[PDB]
Every structure is written in structure tokens, then in C-alpha cells.
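Report on one structure; see the data block that follows.
All of the numbers you see were taken from the coordinates with simple rules; none came from a lab. Cβ: placed from backbone, ideal geometry, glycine included. Neighbour counts: every protein chain shown.
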Amino acid sequence: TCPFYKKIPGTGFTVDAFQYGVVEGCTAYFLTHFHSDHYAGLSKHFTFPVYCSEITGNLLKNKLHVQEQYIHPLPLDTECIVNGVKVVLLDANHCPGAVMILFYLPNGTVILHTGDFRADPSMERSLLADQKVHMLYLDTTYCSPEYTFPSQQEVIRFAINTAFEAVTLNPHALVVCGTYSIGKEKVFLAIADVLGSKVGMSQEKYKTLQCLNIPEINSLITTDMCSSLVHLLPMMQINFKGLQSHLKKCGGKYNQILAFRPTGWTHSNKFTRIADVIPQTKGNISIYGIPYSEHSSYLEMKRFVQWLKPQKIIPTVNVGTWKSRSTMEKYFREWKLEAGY
Ligand code: NI
């Protein structure tokens, strides 16, 4: 059945709740972003109103074939009325089209649902600054102090410099980047820009990227693999066996692969700086795991919450075990005592 942390009190609304069948009492289903654990259940047979960003609504129409009459895209940073309730969509700094949702309840309560987000100080100057938030539905993916990672800018600088050096030393090297969902497009697009190449990919993945309103995208991507020296493949194929096989398909154009796996966190972070990252190598294949995150680090999360000062926090991630739930609640209390709210 639908868990309580997917329901918005005082409304008929749910958030990211498409896999439970007809939720009793639900008049509007919101979708924060186009990732499968959140959209699970949607299809061309869905006949209730879906509220989302313009980019998410492009993906629902083109990839899942949801009918247009049930897609209700909303502009960002704009007060809108849905079934008699004022709502605002804010940029979540996650993947393309991802939003946070502010709900202004008829009784005066204000609720923020972060969806999935990477907290940033720029959020402290949005429409959130303008009123008090009483309840926070929080993406707690990395809510423990072991989770540190570098800025997205530091990670992309590492990736660009590594790829440029490799291909300048060997003009017959191929760069490969893994993917299994939308997000992290900066990784492959920044590398193709430094090399003077388009990114080559499958027709299915090209279709998906063409839904994202990214500027000048026709200039950066292609389905012609032959004309490209940066290839995108499924994340599952980013291993020695999968890469050796791909290199065979390129007909002797290339004699070396340099591959990137943009993971979330991995425990090489507790010790290793970005400067000190090294690949796994076999023969003429090297694989780099880079810590490019689209979720908050522990410290980024803690700064946002201590700024916002909510009266009540409802976690939406890591809620399935008692030890995780109790640990998170202990951090929330530390934060509140340290900041004085
Ligand atoms: Ni996500």
C-alpha cells in the first residue's frame, strides 16, 4: 500500500506514487523527476492528472507514451493553483527536469518536498527565502557523515584533463562513458567539447536527450558512431569484457579505450582526494570510477536544513530499516540543538 511519506496531509495529493494502483482519495499525482524508482507504474493507460515540469512532461509523452490530455506541465518559480491549492516548483539540482515542490495548505501550513536533490547555497535565494516552512519531506540518500564528495566542477575538471591528455598522447584512443538513466550529462558533454567531437549513442538514448531542452544539443550529440570518438554505452557494458567487445566492433579505428563510470559514492572517498584517483587497467583498457553525485553530501544536506529550520522532518530515503531510521533521527536532533531552532 502507499507509504505515508508519499502523501501530502490536508490535500488529495501524492508524490512519486504511481506503483500502488488507484490511491484512495488522490485527486492529483505529482512526479518530481524522470527516474524509474519514482515513475514506476506510469504508461499510455494512465488516466489521472500528472503534475510535473515541462522536461519531465516531454519524457512522459515521448518515452512512456502517456497521453497529452493527462500531462500538466508547470513553469518553475511561479505560483500556480492545483485543485484549489497554491503550489510552486523549484529547481532541485538533480537530473534534468527534476523539481522540489512547495505546498501552501489552506490552513496556513507550508510543506516542502525535495524530491531527489543536491542541496546548494543558491537555494537560500529562491522563493524559499520568502516564508517559513513547517514540514520538510527530505531526500536523505547520503545522510551519514562518511559521505563526502567533491564539487561537480572539480570532478568535471579531472575528467576533461584526463581525457584530453590521453587522446593527445594517443590519437587512436576511444573514450567511452556509461549511463543508465538521465542525469550526469555534463560528464560526456564536457569531454566531447574538449576533444572536438560529438557524442555517439543509440537511437533510444538520442531520443531521450532530445527531450531535455539542453541548448545547442543538435551540435553536441549524434547517432553516427563512426564520426564520434566519445561513445555512450549502458552502464552494464562498462567492464573489461564489455569494452573488449565494443573495441572489436569499431573495425580497427581504435587501439585503446579510456572509460568513465560516474558512480554516486564509493569508499575510496574516505581516504582518497580527486587528484589521487587511478584507474583499473587490463591490457589496452582503463576504467575510471569518478564520484559525480546528483544528491546532497552529508554537509550540504546539514547546511540546508540548519538554514531552513523546519518544525518537522520526514525522510523519504533509507526508511526501510529501524537502525537507519533511528540514526537519521539522531542527526536531525543534533542539527537542531547546534543551530538553536
Ligand atoms: Ni533520482
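Percent of alpha carbon pairs in region 9-97 separated by more than 18 Å?
Working: 1542 of 3916 pairs.
Distances greater than 18 Å cover 39 percent of the Cα pairs.
Can you show me the helix-derived [θ] at 222 nm for the chain, built from DSSP H runs with n ≥ 4 at -39,500 (n - 2.57) apiece and divided by the number of residues, rounded to the nearest 500. Can you show the working numbers first?
Working: 8 runs with 89 residues, N = 341.
Using -39500 (n - 2.57) per qualifying helix, the result is -8000 deg cm²/dmol.
Taking neighbour Cβ counts within 10 Å as the exposure measure, how do 201, 236, 135 sort from fewest upward?
Values: 201 24, 236 9, 135 19.
Lowest to highest Cβ neighbour count: 236, 135, 201.
In nm, to one decimal, how far is the modelled label at residue 157 from the one at residue 63, with both set 7 Å along Cα→Cβ?
3.2
Could you line up 299, 258 from fewest to most neighbouring Cβ atoms inside 10 Å?
299, 258
Taking the Cα atoms of region 27-168, report the difference between the largest and smallest coordinate on each principal axis, in whole Å and largest first.
So the extents along the principal axes, rounded to whole Å, are 57, 39, 26.
Taking a ≥ b ≥ c as the square roots of the Cα gyration tensor eigenvalues, with a/c under 1.5 meaning rounded and otherwise prolate when a/b beats b/c, else oblate, which class fits region 112-158? Could the numbers behind the result be given before it?
Values: a/c = 2.98, a/b = 1.56, b/c = 1.91.
Oblate is the answer for region 112-158, as a/c is 1.5 or above yet b/c matches or exceeds a/b.
What distance in nm lies between label points placed 7 Å from Cα along the C-beta direction at residue 202 and residue 76?
2.8
Just to confirm my numbers, what's the Cα centroid distance between region 1-21 and region 103-119 in Å?
Between the Cα centres of region 1-21 and region 103-119 lies a distance of 14 Å.
Give the calculated FRET efficiency between residue 273 and residue 312 to the nearest 0.05, with a Förster radius of 30 Å applied to their Cβ-Cβ distance. If you can, show how the numbers build up before the last one.
On the way: r = 38 Å, r/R0 = 1.26.
The formula returns an efficiency of 0.20 here.
Sorted by average packing, counted as other Cβ atoms within 10 angstrom per residue and highest first, what order do 260-269, 57-66, 94-103, 287-296 take? Don't jump to the answer; show the numbers that get you there.
Values: 260-269: 16.6, 57-66: 18.5, 94-103: 23.6, 287-296: 21.2.
Result, highest mean Cβ count within 10 Å first: 94-103, 287-296, 57-66, 260-269.
State to the nearest 20 debye the size of the charge dipole of region 246-331 about its Cα centre, where the only charges are +1 on K and R beta carbons and -1 on D and E beta carbons.
Dipole of region 246-331, to the nearest 20 debye: 140 debye.
Quick one: what does P(r) look like for region 148-295 with 10 Å bins over all Cα pairs, in whole %?
11, 44, 36, 9, 0
Calculate the spin-label point distance for residue 280 paired with residue 323, positioning each point 7 Å from the Cα along the beta-carbon direction, and give it in nanometres.
In this crude label model, residue 323 to residue 280 measures out at 2.6 nm.
Angle, helix 240-249 long axis vs. longest principal axis of the chain, Cα atoms, 0 to 90°, nearest 10?
Approximately 60 degrees, to the nearest ten.
Could you please state, rounded to a whole Å, how far the C-alpha centre of region 201-235 is from the C-alpha centre of region 283-330?
Rounded to whole Å, the Cα centres lie 30 Å apart.
With charges set only on the Cβ (+1 for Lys and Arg, -1 for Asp and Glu), what does the dipole of region 7-117 come to about its Cα centre, in debye to the nearest 20? Before the final figure, lay out each step's value.
Details: 5 positive and 9 negative charges, 48 e Å.
Dipole of region 7-117, to the nearest 20 debye: 240 debye.
Just for the Cα atoms in the chain, what are the lengths along the principal axes, largest first, rounded to whole Å?
Taking max minus min along each principal axis of the Cα atoms, the chain gives 68, 49, 35 Å.
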